[PDB]
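Order of listing sets the numbers, starting from 1, for every ligand and every atom in it. Along the sequence shown, residues are numbered consecutively beginning with 1. Only this structure's heavy atoms are used, side chains among them; waters, hydrogens and symmetry mates stay out.
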Amino acid sequence: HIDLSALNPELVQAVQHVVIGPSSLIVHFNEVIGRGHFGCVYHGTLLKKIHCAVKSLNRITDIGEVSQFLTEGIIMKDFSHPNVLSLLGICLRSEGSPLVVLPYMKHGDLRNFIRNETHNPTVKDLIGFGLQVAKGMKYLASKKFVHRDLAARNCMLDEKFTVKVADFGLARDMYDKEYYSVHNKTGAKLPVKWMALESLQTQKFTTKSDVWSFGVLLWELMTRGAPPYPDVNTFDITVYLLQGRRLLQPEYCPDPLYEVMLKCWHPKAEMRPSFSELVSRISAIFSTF
Ligand SMILES: N#Cc1ccc(-c2cnc3nnc(Cc4c[nH]c5ncccc45)n3n2)cc1
């Protein structure tokens, strides 16, 4: 039982902007549509019925941890962009941690979407998805929000094939445990093969380290969801990058798009493109298709 009186009153006020009453939400706990460390995602119906995704935080039982998670993620309610996942609300109840209610993404996560062999997305399709992500990140960057876990697995596709940058704020979790490792300076699970060289060294994340991650995501897109550096152990990712080595050009990646990838992985953060610049460059490449 999570008591609101215990939480900081400023946090309570922010949360009360988006509260959803229990009688307004039906959750199908027998229908898992995603699995996280803090809890699973379930088919839900928000009431006029709306199909939604209900993310559980029930594995978080300590009130201090719940409070911190809400604090870090509530800013989500202040964002609005076609390429950024929105928050429908938060359901507080009598037993259990708060439920995070999110728009349902009918086509699931971007990585599994492009890996699906029946889909067989074209080069044009994939660059298009990459451009959508760039626009979403341009928006987040304009709000000075640093994502810290951008990857194809963490972007979703809705019923109209609009890509939503996801897995941030109240939706944050590890949705595929295979790609998080404790072999890093923090000793906690991190997406080390998506991280900028300087984040691995200094444990700091910036919009420019998000740009690095976006480069990796572009590589994922053009390989149709191949895992990056399959032949590099998590023990070696830092020295691999220090040696100047980088992901190789995907067979079906246009030369100019690979140049963009390489720019995202420049060892000096300040030399890497802004997301504004990425949108411009990728838009031109897309238009030639
Ligand atoms: N397999 C798989 C898989 C399932 C879910 C995600 C994922 C990645 N980032 C996220 N950010 N928020 C969510 C939850 C979510 C919102 N809407 C959804 N619609 C369907 C399935 C899950 C959701 N997610 N979910 C990634 C991989």
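At least one cation-pi condition fails for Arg59 and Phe38: the charged atom is not both under 6.0 angstrom from the six-membered ring centre and inside a 45 degree cone around its axis. Relative to the six-membered ring of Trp194, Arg153 meets both conditions, a distance below 6.0 Å and an angle of at most 45° to the axis.
Where the criterion is an N or O separation shorter than 3.5 Å, residue side chain and backbone included, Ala53 fails it with respect to ligand 1. Residue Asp167 places at least one N or O, backbone or side chain, under 3.5 Å from an N or O of ligand 1.
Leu99 has its side chain out of reach of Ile90: every pair of non-hydrogen atoms, C-beta onward, lies at least 4.5 Å apart.
At the top of the distance list for atom 13 (C) of ligand 1, counting protein heavy atoms only, stands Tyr175 OH, 3.5 Å.
With ligand atoms numbered from 1 in the order given, ligand 1 contributes 14 (C), 16 (C) to contacts under 4.0 Å with heavy atoms of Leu102. The distance from ligand 1 to the heavy atoms of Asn112 drops below 4.0 Å at these ligand atoms: 1 (N), 2 (C).
Side-chain polar atoms of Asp3 and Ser5 form no donor-acceptor pair below 3.5 angstrom. If you check the side chains of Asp255 and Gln249, you find a donor sitting under 3.5 Å from an acceptor.
In this comparison of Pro103, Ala166, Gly36, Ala151, the heavy atom closest to atom 16 (C) of ligand 1 sits on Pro103.
A salt bridge links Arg272 to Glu198: one of the charged nitrogens lies within less than 4.0 Å of a carboxylate oxygen.
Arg153 counts as a contact of ligand 1, since one of its heavy atoms falls under 4.0 Å from the ligand.
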